[PDB]
Amino acid sequence: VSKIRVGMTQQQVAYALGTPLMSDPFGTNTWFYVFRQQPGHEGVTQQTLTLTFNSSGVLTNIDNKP
Amino acid sequence: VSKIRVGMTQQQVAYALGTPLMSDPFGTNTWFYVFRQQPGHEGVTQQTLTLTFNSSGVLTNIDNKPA
Amino acid sequence: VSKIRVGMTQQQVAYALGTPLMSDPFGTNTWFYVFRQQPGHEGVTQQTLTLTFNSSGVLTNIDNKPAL
Amino acid sequence: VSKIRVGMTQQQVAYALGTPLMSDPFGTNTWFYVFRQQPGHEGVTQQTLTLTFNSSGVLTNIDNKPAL
Amino acid sequence: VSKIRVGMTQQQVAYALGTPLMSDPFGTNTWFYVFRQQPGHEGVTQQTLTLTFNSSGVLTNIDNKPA
Amino acid sequence: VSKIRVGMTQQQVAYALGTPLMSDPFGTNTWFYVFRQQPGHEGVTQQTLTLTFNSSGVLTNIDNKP
């Protein structure tokens, strides 16, 4: 924590402390859902969803898995 | 168990599905650390850190409250 | 690990092992909700709620973000 | 939400909103460690540790899994 | 920041990297639920559930302790 | 919780309660790492690792991202 200073880039902070446990999802390019402890789950593997957004915050790819 | 389509904004997707469990931290403005399971913890409350970055990804505020 | 002993205070245990991944919320003074993967979310930041309780486990402060 | 009020007990708040995603570990009676993404892990199940504290925040029970 | 190679067993990978943050629950023997942020919670402790499944994926023990 | 009974398959339980918050990683086919709050992080995106194991518990694929 003394390992960081105002003016550092996200790369410099992440090098010092690691990436954070949480961050705000708005403005970022990738959102990942894992649908746990939600009734109605189906299949032989954990349902997940990866969403890709462009720099304007618009959804460009929907990746279901499976 | 709900409907999205390409071209939706993040507000539309969050209304439909909720915010995601995880998202990529690079490019956003607020990072939040909670230092768990790390030896050397001190104090009477859980140590945390909130960082604010500007539109360019540079750190402008370090909030260690506590405290 | 072997670096903890019965009789230790929560500070000593937290200095040896760090705080735990999880703990029972009853009896503590601060609760933190993060409303994720819940349809109906609104706004331009992640909705959260920080509740402060006194010693008697009574709620004394409600802190919504964003502000209601 | 609007379904909580200052003066509520932790039970009333938990009935209205559920327990929180996170809480401050200090002051509670049970801590639970899950040692993941930590090099050195051994054995055939996930290593965990459950610590029980009394009212004074003093450790009274250590429960390692698997058993040491 | 540590070294794995194809052909390693899960014990070898866990020694090198630790266990993973997440894994697929299907096919294993122990499931653990912690019911957070769900309205209608009752009791003086966090409600949890530990389920044991046999090698075939069938439920053989329901542990609701608490209690 | 009264929604489940001994003898149900993992598919029946997951349909009633959802998948669990946690499960034991040994014996399963996919392990996912997200290296957060670990100093030394590098890059312009969150480092992760997906490992695939066969039914004998042997590592068959290493997928770094990026």
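Labels below follow one simple rule: chain letters A, B, ... track the order of the sequence lines, proteins then strands, and each chain is numbered from 1. Heavy atoms only: backbone and side chains are in, while hydrogens, waters and symmetry mates are out.
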[X] portion near chain B, given a 4.5 angstrom heavy-atom threshold:
X	value
A/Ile4	both
A/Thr9	both
A/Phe26	both
A/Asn54	neither
A/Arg36	side chain
A/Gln11	both

Legend entry - Side chain to side chain, A/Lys3 and A/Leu17, heavy atoms closer than 4.5 Å: yes
Legend entry - Side chains of A/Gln47 and A/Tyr33 in contact at under 4.5 Å (non-hydrogen atoms):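 Not touching, per the 4.5 Å side-chain cut-off.
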Legend entry - Reported CD1-to-CE distance for the pair B/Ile62 and A/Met8, which is rounded to 0.5 angstrom: 8.5 Å
Inset, instruction - Could you tell me the separation between the CG atom of B/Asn61 and the OG1 atom of B/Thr30, rounded to the nearest 0.5 Å? - result: 10.0 Å
Which of [options] touches chain A most, by non-hydrogen pairs under 4.5 Å:
options	result
B/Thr52, B/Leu49, B/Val1, B/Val13	B/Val13
B/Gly27, B/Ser56, B/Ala14, B/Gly7	B/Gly7
B/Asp24, B/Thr50, B/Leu21, B/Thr28	B/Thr28

Legend entry - Atom OH of A/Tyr15: over 12 foreign heavy atoms under 6.0 Å: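 Result for OH/A/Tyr15: open.
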Inset, instruction - Could you pull out the closest heavy-atom pair between A/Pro25 and B/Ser23, with the gap in Å? - result: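 For A/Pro25 versus B/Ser23, the nearest heavy atoms are CA-OG, 3.4 Å.
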Legend entry - For the student: nearest non-hydrogen atoms of A/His41 and A/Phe35, plus distance: CD2-O, 3.8 Å
Legend entry - Under 4.5 Å from a heavy atom of chain A, the part of B/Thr19 involved: both
